[PDB]
Every structure is written in structure tokens, then in C-alpha cells.
Amino acid sequence: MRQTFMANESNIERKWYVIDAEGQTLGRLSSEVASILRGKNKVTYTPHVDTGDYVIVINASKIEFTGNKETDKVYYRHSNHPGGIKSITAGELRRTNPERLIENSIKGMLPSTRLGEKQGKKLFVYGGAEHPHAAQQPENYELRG
Amino acid sequence: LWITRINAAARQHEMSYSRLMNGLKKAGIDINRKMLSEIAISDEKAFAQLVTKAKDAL
Amino acid sequence: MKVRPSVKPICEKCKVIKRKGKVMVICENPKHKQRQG
Amino acid sequence: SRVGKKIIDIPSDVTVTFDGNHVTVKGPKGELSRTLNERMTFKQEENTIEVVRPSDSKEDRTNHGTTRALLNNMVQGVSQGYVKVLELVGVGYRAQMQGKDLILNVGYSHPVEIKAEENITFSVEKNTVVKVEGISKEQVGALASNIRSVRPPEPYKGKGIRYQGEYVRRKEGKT
Amino acid sequence: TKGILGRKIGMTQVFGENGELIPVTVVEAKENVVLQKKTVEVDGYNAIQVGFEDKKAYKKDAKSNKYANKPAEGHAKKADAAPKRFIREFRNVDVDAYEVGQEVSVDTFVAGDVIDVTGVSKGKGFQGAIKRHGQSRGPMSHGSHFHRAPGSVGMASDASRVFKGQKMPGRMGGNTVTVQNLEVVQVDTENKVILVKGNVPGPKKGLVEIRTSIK
RNA sequence: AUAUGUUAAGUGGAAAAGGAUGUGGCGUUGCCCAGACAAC
RNA sequence: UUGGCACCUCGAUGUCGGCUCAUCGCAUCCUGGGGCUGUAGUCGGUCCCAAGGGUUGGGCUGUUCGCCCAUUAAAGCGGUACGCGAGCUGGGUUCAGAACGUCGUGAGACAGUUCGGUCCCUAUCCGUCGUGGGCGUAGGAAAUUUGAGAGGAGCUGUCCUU
RNA sequence: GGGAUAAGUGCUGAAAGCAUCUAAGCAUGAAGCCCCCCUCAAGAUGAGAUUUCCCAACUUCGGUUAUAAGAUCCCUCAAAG
């Protein structure tokens with residue numbers, strides 16, 4: 001007897017959250033956020049529809065590293081031109097454009113499908129303590145760890 | 001899929017799937033993983049009562 | 001400066017230290033200064 | 001840490017105020033402050049200060065002798081002060097003041113101008129002897145080294161800027 | 001000195017005092033007027049916008065670019081001016097001068113000023129081979145069969161593909177070119193021309209865009 | 001996830017003879033406050 | 001590099017040197033920064049950092065290689081099917097003719113010399129150089145623009161003063 | 001020309017009552033790295049910004065018309081092909 005609930009687009013209700021990346025470790029914040037961008041923390045989780053919530057990371061210039069990672073955590077970016085390999089350390093990438101640091105770390109934990117691409121478009125990283133989306137009325141989340 | 005849904009439902013009562021299934025076995029309950037996740041979807045109170053018995057058997 | 005895999009005291013006044021994770025020696029005469037590499 | 005446990009720190013008319021993280025020192029030439037440490041705490045019996053280290057970790061007993069020495073140097077500098085004197089050796093080598101700044105003649109096709117910095121006082125004795133007076137030991141040492149690195153001593157005749165008591169290994173290279 | 005637009009007339013020569021020959025380009029720059037002025041509060045960056053030479057007024061059934069259309073009419077009328085053919089922005093100037101509607105005259109420059117000129121180079125069609133890339137011919141002789149083709153393009157196996165910068169035939173054409181550190185030889189206020197020392201990009205009667213030199 | 005410890009090298013995640021005050025564990029034996037172990 | 005092995009290809013993976021055009025490594029030839037010197041000065045020797053740019057015309061040989069003549073700041077060493085023949089040549093060598101030396105009773109042979117000796121192909125797909133049509137960008141247009149990103153450039157001598 | 005670095009040179013400084021460029025701190029230092037210089041660049045589907053121009057009814061709004069600003073077909077051409 002086949003009786004398993006599947007979610008539709010007329011079933012799903014996505015809500016908004018705010019994470020504070022202040023005094024947190026990159027990666028350890030990123031995996032917990034990645035699990036929320038997908039509906040993994042929900043019953044009614046269905047794998048062929050998008051059933052996750054929106055996230056906002058606010059401070060994101062206060063993120064932390066543990067080792068000597070800030071001087072040798074190069075990133076490496078090729079450009080498809082002969083000898084066109086480029087480079088930047090993790091330390092200088094959070095000094096300039098800290099938003100691309102966290103965004104890229106979280107998107108690397110999502111599947112590379114047509115649905116993973118759409119799920120990663122709910123991220124909204126900012127540097128500093130304020131964000132524009134007051135009209136969506138987001139709550140705080142308080143990472144589990 | 002059923003195990004993913006049960007795991008999500010158990011974290012809302014501060015348990016992981018692992019310990020919930022251990023406790024349910026020690027309580028003697030023999031409900032499927034397929035039924036355990038349909039209950040958690042349709043009837044939240046019944047699932048709460050299951051969780052309390054699983055907690056008391058540990 | 002001598003750069004060799006085998007660094008040893010040649011003096012009796014030569015001294016072995018570690019700087020930035022590298023073994024070196026230092027005497028007053030600059031011929032005896034070495035570092036491991 | 002023998003030097004760390006041997007924390008006398010006998011003050012003077014200098015007053016020693018604490019702000020927890022950093023410390024400020026006022027005196028005849030004071031009002032210079034420095035951030036010391038976190039895990040180490042101080043105690044002032046009547047005026048004198050003594051340092052105490054927690055947990056006897058090697059990191060703690062290494063930071064002990066350092067925090068004890070930095071406070072000593074920063075309070076003893078406002079009281080008395082620091083000085084470093086260096087001498088010029090060579091034919092025609094002369095330097096004299098331009099008020100607060102200093103220009104030098106050491107055999108280049110141009111004189112060298114090294115303008116002064118805060119809390120530092122240059123003074124030339126006889127166009128061949130230069131001293132630096134100040135309250136910060138590290139800053140005095142930094143500038144004394146920077147003005148020396150303009151023309152260090154060479155080993156065949158000894159010409160070049162030289163510390164007042166520096167021994168200079170001299171070679172004998174005949175034509 | 002700061003910035004002006006003009007048309008390229010042609011080349012001549014001038015005798016400098018001490019009697020030396022100076023090749024020179026005649027640039028005619030009349031009817032320069034300041035249109036809109038952009039600010040960092042409204043736009044994010046400071047600049048002025050200049051229009052060069054005036055076209056005719058709006059006509060009901062115009063069919064060429066000789067008459068202004070309604071949006072250009074309105075824009076050029078917000079500052080009390082006639083419509084223009086060419087419009088460019090200058091970011092190197094000081095924006096606190098230049099009231100909107102001013103006329104930028106040719107004597108803002110003076111003889112002896114070092115300038116940079118920016119035109120569109122002139123128009124060579126599909127020419128590609130040894131003309132586009134300054135490449136060598138093969139022999140014209142002993143047994144050749146290889147004269148004006150390009151050489152090899154790549155290697156074997158290892159690169160089973162060409163590469164992204166390979167130089168192949170495909171139209172010389174009309175890029176934008178800046179020539180740096182030229183010089184103003186003489187300014188003529190009644191005829192409204194500037195004599196620039198040397199030669200500048202483009203065909204006759206094209207737009208030139210003089211600016212003060214950045215170096 | 002529960003206990004105990006080791007590593008600071010991103011070692012972990014490619015190799016030797018040799019070299020070296022890097023730091024834990026375990027013993028035997030010297031000089032110990034009558035005063036060494038250094039500086040003067 | 002000379003080899004050892006015989007795993008892909010014998011219903012074909014078809015060629016040494018040169019030409020045209022490159023691209024990468026650094027174990028650095030020049031130019032930049034340093035330590036030691038048995039470095040007086042001018043020159044050098046040796047080691048350390050460093051791959052941005054640069055790195056020549058002839059005579060003799062099919063020649064790679066090499067010798068020589070004149071320069072130059074310098075005339076680096078390697079990988080790319082010993083880079084590159086659906087881009088070129090065809091001097092050399094494994095084709096039929098002929099001759100010399102030598103070996104063979106002979107027909108012939110050498111890997112020894114020497115003269116002569118046919119280089120096919122209208123580009124479908126990826127790749128690369130240029131150049132257009134369609135739709136999208138929460139109304140439709142005209143013009144002026146920010147710059148996430150990407151490419152280019154990056155060499156060096158002599159003389160005069162101190 | 002600015003910023004950060006390599007080999008190297010340092011200042012203060014303990015561990016280790018001395019010493020020590022290093023372990024906390026503070027400087028300096030290459031035609032190399034990032035900018036500064038030149039060109040392209042919002043299909044940057046994250047599709048950005050500014051100034052100006054234009055604005056309708058029927059209607060079963062199912063769509064039908066007719067249009068506005070603005071383009072194009074067609075024709076005379078070259079500084080373009």
C-alpha cells in the first residue's frame with residue numbers, strides 16, 4: 001500500500017531567519033546554514049521540490065579561523081586563458097569582500113544541480129550589523145553547533 | 001527518505017534519530033519507519049506521546 | 001651563510017638556535033653562520 | 001621565571017594607574033601607555049607592583065618574564081630616561097643639526113636628511129658624536145639603528161657610523 | 001586644459017621659432033556646452049557631460065539623425081541649449097566649476113599644455129594574415145606553397161585544442177585608441193581650432209576628445 | 001556522542017642516510033639549601 | 001639519453017633536419033635584491049631569493065651536434081607524439097636504373113661510398129578568430145554611464161657631472 | 001608612485017637570573033604579488049545607475065482593434081563594409 005506524503009508547491013511555507021556570524025568558525029557555521037537552505041530540518045522534506053527557508057547572515061566580517069589559515073588558505077580561480085591562474089589568501093578576502101568569503105563557503109556545500117542552484121539563491125550575506133529586509137520579518141535562529 | 005523525516009521530527013524534541021530508535025526498541029514498540037513518519041506528519045500529539053515513552057525507557 | 005642539510009657547531013663559541021622553524025648557528029666570525037636547508 | 005618572580009617594580013613620583021587590559025604611566029615625562037596581557041594579574045602592596053602567573057603553563061611562565069620587564073622598562077623610562085650615543089669615523093664625515101631634523105655627510109653624492117619624530121631628541125656634540133635621548137627604550141633603539149644603517153662600519157679602515165662602544169672586527173687586506 | 005570635444009580636419013606643418021619643422025593636426029572645437037552635471041550623491045561619481053555640435057530642432061516626420069527626437073530635445077532643453085550630435089562625460093575635471101549651460105571655449109587650453117587624445121582608429125576590413133598580426137611570410141621560392149597563411153596553431157595530443165588567445169584572420173577595424181603626452185602648439189580663438197603636435201587616431205572629420213595628460 | 005591523553009606540523013593529506021635545546025612517557029645515576037645551577 | 005619489459009595500435013597511430021606559429025617548468029644566461037670571501041679600489045669566486053621582460057647575423061656540412069668569423073646586457077637548460085607535414089619543404093634515409101671497393105662458384109649482398117629519382121583530401125562535430133538574428137532583464141523607448149570580471153603592457157646600452 | 005611580502009638586516013624581549021630577530025609585540029626590505037597605465041565588459045539570468053520622452057478604449061479583458069514615444073521596409077550614399 002503506497003502511502004507516503006509528497007510536498008507540492010501549494011504546500012510549502014518558507015520563513016525567514018537571521019544568523020549572526022560573530023565569533024563563529026567558518027565551515028561550522030556554513031554546514032549548519034546549508035542544512036537549513038535545504039529543507040533538511042523539516043518533516044515533509046521532499047527531495048525533488050524546494051522546501052527550505054531563507055537565511056540572512058549579518059556580521060560576516062567577524063568570522064573566525066583557527067590555525068594559520070588566514071595567511072595560507074589560497075583560493076585559485078582559473079580563467080581559461082593560457083597561464084591564467086589567479087589567487088588570493090583567505091585573510092585578504094575577508095578584509096575586502098567578506099560577503100563572497102561566506103557565500104562561496106556555503107555554496108560549496110550545496111548540490112550542483114538545477115535545484116541546488118536555486119536553493120543557494122536564498123542566502124543574503126551582509127558585512128556589518130544591519131540588513132535591508134525588515135519587511136520580511138525575520139527571526140533569530142541561534143545555531144545548535 | 002523516511003529516516004530523514006523521522007530525524008527531523010525528533011530534533012524538535014531534543015533527540016536524535018539514533019537514540020529515539022534505541023529507546024523505542026527498549027520499550028518494545030514495533031512501528032515501521034514508514035508509519036512512524038506518517039504519524040509525525042499528520043498527528044503531532046501522538047508522536048509526542050511516542051517520544052515520551054522512548055525517553056522513559058532510557 | 002652556509003645552507004646545508006647538516007648544521008653543526010664548528011666553534012667552541014658557536015651556538016644553536018631556532019628561528020621561524022629553522023635551525024641555525026651563530027658565532028662572532030661570520031664564516032661559521034649556517035642554516036638548515 | 002626568576003626575573004618574573006623577582007618583581008620589585010619600585011615606583012617613583014611616577015603614578016601607576018591600571019585599566020585592566022592596558023596600563024598607563026604618568027611622570028616627569030610620562031603619559032605613555034601599553035596593553036600588557038589578559039591572563040596575568042597584578043598587585044600593588046603600597047606603591048610597588050608585583051606580577052603573578054596562573055596555571056604554571058610554559059606559555060604563562062614565558063609571558064611572565066616579559067610582562068615583568070615591559071612594565072619595569074616603561075616606568076623606569078619616565079623616571080630617568082634612555083639614551084644611545086653613536087660616533088662617526090672617517091675623513092670629512094660630519095653631521096650637524098637642522099633644528100629638530102638631522103642631515104649627514106658620509107661620502108655620498110648627497111647629504112641624508114632624517115627628520116625627527118615625537119618624544120625623541122637629537123643632539124650633536126662636535127659634528128662627529130650623535131646621541132639620542134628618549135623615554136621609550138624600543139623607540140630610541142629603533143631610531144638609533146635606523147640612523148646607523150646609513151653607513152655601517154667597514155672592516156678595512158673602520159669608517160662609517162658606529163655605536164659608541166661597539167667592537168668592530170677589522171681585517172687587514174693589503175694591495 | 002581639462003576637457004573638450006572636436007573634429008579632426010587634417011594635417012599640416014608649422015615653423016617653430018628657431019626655425020624647426022613641426023608636423024601638426026588641426027582640430028576644430030566649436031559649440032561645446034555643459035549639459036547635465038553628475039554628483040556622487042545622485043549618481044555615485046562626479047563628472048560633467050558635454051555636448052559638441054548642434055543639430056536641427058525636432059520635426060514631426062524626420063527620418064535621419066539630423067533632427068533631434070523628443071527625448072533628446074527635452075534633455076538638451078533642461079539646460080537652455082540646442083541639441084547636440086556627440087555627448088561625452090569627463091571625470092578628470094573639477095565639478096565645482098562649470099555651471100550647467102556654460103560654454104567650454106577653446107582657450108581653456110594654452111600653448112605648451114600636455115594632453116591626451118582619444119579617437120576611434122580607422123577602418124581596415126577583413127585583412128587578417130600578416131597585416132593584422134605583423135607575422136612573417138613563408139618563402140616565395142624554391143618549392144614553397146606557403147606564403148601568407150598563419151603557421152601552426154597548437155601542438156599534438158597534449159593540447160587537443162587550440163587556446164584562447166590564438167592570432168587568426170578577422171578584420172583589422174576601428175578600435176578606441178588613446179595617444180598620450182602630445183602637446184598644444186597654438187590656440188586660435190577666432191577660428192576656434194587647436195593645433196596639436198603630431199597625429200591622432202581616426203579618419204578626417206571624426207571625434208577626438210582632448211583631455212589634460214594624466215602623467 | 002560519552003570518557004581519558006598526544007599533535008601545532010593543515011602533520012593528518014606520498015621518500016632516505018644524516019642534522020637538531022620541538023615537546024610527552026619511563027627508569028638508573030651525579031651535583032642539592034653547609035649553599036650548587038649563571039651573572040658579577 | 002643508451003637500454004630492460006612487450007601492456008594499446010599491423011581491416012595503417014605514416015617520415016630526420018629546416019620553415020611558420022607558439023605555450024609551460026626553473027635546476028637562472030642577462031637585468032633586480034642579499035650573505036660569505038683567501039672581498040683594498042676596478043674586477044671576480046661561491047651560495048641564497050627571484051620566472052616580469054629579454055635572450056644575434058654569417059662561413060663549412062642534409063645534417064641534429066660541432067668548429068670558426070664578427071657582434072651583444074646576454075647569446076640558459078629542459079617538457080609539449082624527441083610541440084607543430086588534413087600548415088609548408090623534401091637536402092638525408094627502407095623503392096625500382098647505374099658505377100667503384102669488398103665478399104660470394106653464382107643468382108646476389110654490405111649498411112660501405114657515389115650520380116638520378118610522383119608529397120592526395122571541397123571541414124560534419126568539438127576547438128579558435130571575426131561578425132549577425134531571437135528572446136530575456138515586472139510598462140515601452142532615446143542617450144549617457146558604474147565596473148564584478150577579463151585581456152594588454154612589463155627589456156636594456158652608451159656618454160656627461162659628482 | 002602606493003600597499004603587502006621573499007632571501008636578508010633589525011629593535012625590544014623572556015623561556016633559560018646571562019644571552020638571544022621571536023615565542024607575545026614593533027620596524028625595514030626585490031623590475032617579482034595587488035593596485036596605479038591602456039582596451040573590452042550588466043546574458044554580472046546577481047541581468048545594476050542617472051537624465052529625458054510617451055500613457056485606451058472596447059471587452060466574454062477571452063482577446064479585438066487602432067495607435068503614442070520610437071523604430072524599420074524602400075531609396076541616394078561612405079569617414080564603414
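Order of the sequence lines fixes the chain letters, A, B, ..., with proteins taken first and strands second; residue numbering starts at 1 for each chain. We use all heavy atoms of the structure for the numbers below, so side chains are in, but hydrogens, waters and symmetry mates are not.
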Got a sec: does the [atom1] of [X] have more than 12 other heavy atoms crowding it under 6.0 Å?
X: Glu22(A); atom1: CD; result: yes
X: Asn32(B); atom1: CG; result: yes
X: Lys73(A); atom1: NZ; result: no
X: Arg33(B); atom1: CZ; result: no
X: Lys34(B); atom1: NZ; result: yes

*Report yes if some heavy atom in the side chain of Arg5(B) is under 4.5 Å from a heavy atom in the side chain of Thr4(A); otherwise report no.*
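In short, these two side chains touch, coming nearer than 4.5 Å.
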
*If you look at every heavy atom in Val43(A) and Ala8(B), which pair is closest and at what distance?*
N-CB, 3.8 Å

*asked:* How close do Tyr45(A) and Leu1(B) get, counting heavy atoms only, and between which atoms?
replied: O-CD1, 3.5 Å

_To the closest 0.5 Å, what do you measure between CD (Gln3(A)) and CE (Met35(B))?_
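Here the rounded value is 4.5 Å.
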
*Roughly how far apart are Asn41(A) CG and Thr4(B) OG1, rounded to 0.5 Å?*
12.0 Å

